[PDB]
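Structural overview
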Amino acid sequence: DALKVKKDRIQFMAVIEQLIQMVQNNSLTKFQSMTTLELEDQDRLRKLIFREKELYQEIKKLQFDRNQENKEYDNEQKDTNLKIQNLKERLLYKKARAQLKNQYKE
Amino acid sequence: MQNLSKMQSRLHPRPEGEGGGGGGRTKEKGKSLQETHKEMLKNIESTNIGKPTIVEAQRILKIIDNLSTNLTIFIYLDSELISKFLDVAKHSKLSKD
Amino acid sequence: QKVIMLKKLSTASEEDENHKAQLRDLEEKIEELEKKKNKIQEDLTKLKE
């Protein structure tokens, strides 16, 4: 803990001295960019276990959604095939009555 | 020979000169470094919110903030502004009040 | 730099090692959870189609 605290302090010592030279040369842009990079390195600490729980929970809900949706896919597929068959059979019977009644008309 | 064929003609007319359209290429507003650093500075600060830091860590942060405040005080005390105190009375551009 | 060093100093050498390894694993867990998403949504999308 103390070792890296001192390491960070020395890192900022170098940062400040580099900014010193960059000010002497009016080159504050290099200090700005180096501060950008140091910020980026020290961007992301914690946010990780919590994100992991969130992702796992959404994964669980997503898996259950997949399971149910597959259930309804099979159900709808079977039902609508059955309805197509039944419509074909109803067409069959209506043709039968039509043709027989017309034959007896003949 | 009573066919009513209406086939396509051979109209010569050229595609006359193309006008000088209004190529108003909008200049995208580049984000400032302060704007660029807003989100990611806040990201760095969020993890630190509630973070216990060592005594030397707090000393380092205090030195950083002291440097920042002194730099801002310099910004407001640039040589151009300070030199106007060479002659306060004669510096009419400096408010007497 | 103030913010960088605040996070650094709160991030003692153990916490920087967390960045490297422990938060490495946390980020890897997040990425793998996202991959599990991708799988489950792809199943769902095949099923919707």
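Residues numbered from 1 in each chain as written, not as in the entry; some residues may be left out. Chains lettered and ligands numbered in written order. Part of a larger assembly, values for the part shown. Heavy atoms only, no water.

Taking the PDB entry as the reference, chain C is identified by name as Dynein regulatory complex protein 10 belonging to Tetrahymena thermophila. The title line of the PDB record says "Combined linker domain of N-DRC and associated proteins Tetrahymena".

The name the PDB entry assigns to chain B is Dynein regulatory complex protein 10, from the organism Tetrahymena thermophila.

Considerations on the overall build of chain C
When its secondary structure is counted, chain C shows 2 helices and 0 strands. By its C-alpha atoms, chain C is 50 × 20 × 10 Å across when sized along the principal axes. Residue burial in chain C is summarised as follows: out of 49 residues, 47% are buried. Entry remark: accessible area of chain C is about 2500 Å², with carbon and sulfur atoms responsible for 46%. Averaging the coordinates of the 12 positive side-chain charges in chain C and doing the same for the 13 negative ones gives two points 3 Å apart. (Helix = DSSP H or I, 4+ residues; strand = E, 2+ residues; numbered from the N terminus. Buried < 20%, exposed > 50% of the residue type's maximum accessible area, 1.4 Å probe, protein only. Areas by Shrake-Rupley, 256 points an atom, 1.4 Å probe, with all protein chains shown as cover. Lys, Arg positive; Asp, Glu negative; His and termini not counted. Charge placed at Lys NZ, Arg CZ, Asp CG, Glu CD.)

Overview of the layout of surface pockets
Considered as a void within the structure, the largest pocket measures approximately 970 Å³ in volume. Lining the largest pocket are 28 residues, with A:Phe31, A:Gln32, B:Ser68, B:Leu71 and C:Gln1 positioned closest to its centre. Within the residue set of the lining of the largest pocket, elements represented by two or more residues are helix 1 (2-24) and helix 2 (28-41) of chain A, helix 1 (33-48) and helix 2 (55-76) of chain B together with helix 1 (2-10) of chain C. Secondary-structure elements contributing two or more residues to the lining of the second largest pocket are helix 1 and helix 2 of chain A together with helix 2 (13-48) of chain C. The leading source of residues in the lining of the second largest pocket is helix 2 of chain C, at 5 residues. Here the lining of the second largest pocket is composed, by residue class, of 1 nonpolar, 4 polar and 10 charged. (1 Å grid on protein atoms, 1.4 Å probe; cavity = no way out; pocket = protein on both sides within 12 Å on 5 of 7 lines; lining within 4 Å. Points joined across faces, edges and corners; volume = space filled by probe spheres on them. Nonpolar A, V, L, I, M, F, W, Y, C, P; charged D, E, K, R; others polar.)

Concerning the packing of helix 1 of chain A against helix 2 of chain B
Running from N to C, helix 1 of chain A and helix 2 of chain B cross one another at 15 degrees; their axes reach a closest spacing of 9 Å. As summarised for this structure, helix 1 of chain A and helix 2 of chain B are arranged roughly parallel, according to the angle between their axes. Crossing angle aside, the handedness with which helix 1 of chain A passes helix 2 of chain B is left-handed. Contacts from A:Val5, A:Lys6, A:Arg9, A:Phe12, A:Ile16 and A:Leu19 of helix 1 of chain A reach helix 2 of chain B at B:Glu56, B:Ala57, B:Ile60, B:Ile63, B:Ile64, B:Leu67 and B:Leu71. Of the residues assigned to the contact of helix 1 of chain A with helix 2 of chain B, the class counts are 10 nonpolar, no polar and 3 charged. (Axes fitted to C-alpha atoms, helices over the stretch in contact; angles between N-to-C directions. Parallel < 35°, antiparallel > 145°, perpendicular 65-115°, else oblique. Left-handed = near helix turned anticlockwise from the far one by under 90°. Contact = heavy atoms within 4.5 Å.)

Describing the pattern of salt bridges
Residue and element names in this part refer to chain C. Summed over the entire model, instances satisfying the criterion amount to 9 salt bridges over all chains. Here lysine 20 ties to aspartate 16 by a salt bridge, and the two come within 2.5 Å at their closest N and O atoms. Taken together, the residues span about one helical turn, with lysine 20 and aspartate 16 both in helix 2 at a distance of 4 residues. Overall, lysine 20 belongs to the partly exposed group, its relative accessible area being 46%. (Salt bridge = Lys/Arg side-chain N within 4 Å of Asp/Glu carboxyl O.)

Focus: helix 2 of chain C
Between its first and last C-alpha, helix 2 of chain C extends 49 Å over 36 residues, near the 52 Å set by a 1.5 Å rise per residue. At C:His19, helix 2 of chain C shows its largest bend, some 50 degrees. Looking at helix 2 of chain C, one finds that the buried residues are C:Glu15, C:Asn18, C:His19, C:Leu23, C:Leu26, C:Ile30, C:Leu33, C:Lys37, C:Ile40, C:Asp43, C:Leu44 and C:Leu47. The elements touched by buried residues of helix 2 of chain C are helix 3 (49-105) of chain A together with helix 1 of chain C. (Expected span 1.5 Å × (residues − 1). Bend = angle between axes of the 7 residues up to and from the residue.)

Some remarks on the nonpolar core
Core analysis: the largest hydrophobic core is formed by 15 residues, its most contacted members being A:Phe12, A:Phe31, B:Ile60, B:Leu61, B:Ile64, C:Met5 and C:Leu9. Where this core is concerned, the elements lending two or more residues are helix 1 and helix 2 of chain A, helix 2 of chain B together with helix 1 of chain C. Broken down by element, this core gets its largest block of residues, 6 residues, from helix 1 of chain A. In contact with A:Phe12, other than residues within four places in its own chain, are B:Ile63, B:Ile64, B:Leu67, C:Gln1 and C:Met5. With 11 residues, the next largest nonpolar core counts A:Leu62, C:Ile30, C:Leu33 and C:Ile40 among its residues. (Core = buried A, V, L, I, M, F, W, Y, C linked by side-chain atoms within 4.5 Å.)

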